[PDB]
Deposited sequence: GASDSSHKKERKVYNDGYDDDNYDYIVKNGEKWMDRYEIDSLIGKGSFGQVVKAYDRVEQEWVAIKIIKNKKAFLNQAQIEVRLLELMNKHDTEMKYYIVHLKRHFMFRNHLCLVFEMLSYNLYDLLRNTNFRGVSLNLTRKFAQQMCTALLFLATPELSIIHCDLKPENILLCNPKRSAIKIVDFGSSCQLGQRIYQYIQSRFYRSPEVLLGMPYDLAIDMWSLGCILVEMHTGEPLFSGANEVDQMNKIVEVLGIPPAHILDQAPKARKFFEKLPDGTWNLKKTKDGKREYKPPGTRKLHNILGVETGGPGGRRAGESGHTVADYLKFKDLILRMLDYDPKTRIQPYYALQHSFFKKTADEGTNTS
């Protein structure tokens, strides 16, 4: 069996060969990423004299269409004045090559998960976390401009990359799962650890689900561990409940999947159901962040910029992002005015 004249493997992926050169322009270096969409390779652009990252989409109509949506949104974004657009990875161009759709992006550095692995999952300082947070909020602000109304849908450490391994500037990548504010066709979305309550509950969702994700990410950048690391949806909701309590009644009364996690008592109130979890609301974020005990594992005592005052402003911003009600969950514009960023 031969695939795409020998260029593809059985998984519809282009067989990457180091040193090969395409269209007498790009010189392939090495594979730097895999995913259900296909692969990501580091290449050198002879014409522009620069390094670029090329995303080679699998040779399958299903994935090809997924990518065309990504191209559309990217082109739509990169057609907007503001410098806010500079927190979104830039698509230089795209072309079909040997039946594969290729997207050429500016070359970037490590993703934040890699960064967390180098701290051996102990986290980065509160000051570095603040820099990331401010950029992330500005990116979400940009995705929220009316004409765009883009929901990334897959924010997580792996999709936030540093521009330069020395500087702290970051960029959001991978809009393959993104959509514009529209109609809840799909329901099983976002990576589990960062899945918002409304998605878990099967309710309508909008741009707010990205802010919930951000909150989970910030806490994880600082503590070094996922705030809610469920092994499945039920375990995921229970871990969320340990920290924020039972969701408000008005929300559960409309949750199509509420009875998958809770039970409505004969009196109208809700409680966790059957089946290792501290009581609702007993696992305070105050303690998780170590506000009064020198940060996570007390490993931040004496470190400049880690006073109780600082930690409080951080605990506050996070709680405003992890609000159960998507209607009152803090939006990008105001998060940026929060006293946590106040100089």
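> Note down, first to last, the deposited-sequence stretches for which the model contains no C-alpha atom.
Comparing the full sequence with the modelled residues, the uncovered ranges come out as 1-11, 287-291, 360-368.
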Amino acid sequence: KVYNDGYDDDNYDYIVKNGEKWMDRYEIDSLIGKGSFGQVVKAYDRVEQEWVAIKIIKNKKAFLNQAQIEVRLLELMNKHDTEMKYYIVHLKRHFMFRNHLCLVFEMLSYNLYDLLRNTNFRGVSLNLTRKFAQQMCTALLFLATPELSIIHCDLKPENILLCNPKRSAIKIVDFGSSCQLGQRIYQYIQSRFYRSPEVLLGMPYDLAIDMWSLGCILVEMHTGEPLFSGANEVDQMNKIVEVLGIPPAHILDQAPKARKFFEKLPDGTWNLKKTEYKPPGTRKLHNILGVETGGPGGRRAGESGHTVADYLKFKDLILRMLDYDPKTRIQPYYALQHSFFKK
From here on, numbers count along this sequence of modelled residues.
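We call the rigid core whatever largest set of C-alpha positions still superposes within 1.5 Å between the two forms.
> Can you check whether 80-88 or 108-116 lies farther from the displayed model in 9 other deposited structures of this protein, averaging C-alpha distances as RMS after superposing on the core?
Checking 108-116 against 80-88 in 9 other deposited structures of this protein, I find the farther stretch is 80-88.
> After fitting on the rigid core, pick out whichever of 60-68 or 281-289 shows the bigger RMS C-alpha deviation in 9 other deposited structures of this protein.
The stretch that sits farther from the shown form in 9 other deposited structures of this protein is 60-68.
> So, looking at the entry's B-factor column for Cα atoms, which has the higher mean, 159-167 or 218-226?
According to the PDB entry, the answer is 159-167.
> Mean CA B-factor: is it higher for 116-124 or for 78-86?
Stretch with the higher mean C-alpha B-factor: 78-86.
> Per the coordinate record, which of the options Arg72, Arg130, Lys264, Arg93 holds the highest CA temperature factor?
Answer, based on the entry's C-alpha B-factors: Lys264.
> Among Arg195, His152, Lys239, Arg184, where is the Cα temperature factor highest, going by the PDB entry?
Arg184 has the highest C-alpha B-factor of those listed.
> Per the entry's values, where does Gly297 land by CA temperature factor relative to the rest of its chain, in the lowest, middle or highest third?
As the PDB entry reports it, the C-alpha B-factor of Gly297 lands in the highest third of its chain.
> Relative to the other modelled residues of the same chain, rank the CA B-factor of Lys55 and answer lowest, middle or highest third.
Ranked within chain, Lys55 CA B lands in the lowest tercile.
> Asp235: which third of its chain by C-alpha temperature factor?
Lowest third - that is where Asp235 ends up once the chain's C-alpha B-factors are sorted.
> Relative to the other modelled residues in the chain, which third contains the C-alpha temperature factor of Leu108: lowest, middle or highest?
Its C-alpha B-factor belongs to the middle third of this chain's values.
> Against its chain's modelled residues, does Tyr205's Cα B factor rank lowest, middle or highest third?
Ranked within chain, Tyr205 CA B lands in the middle tercile.
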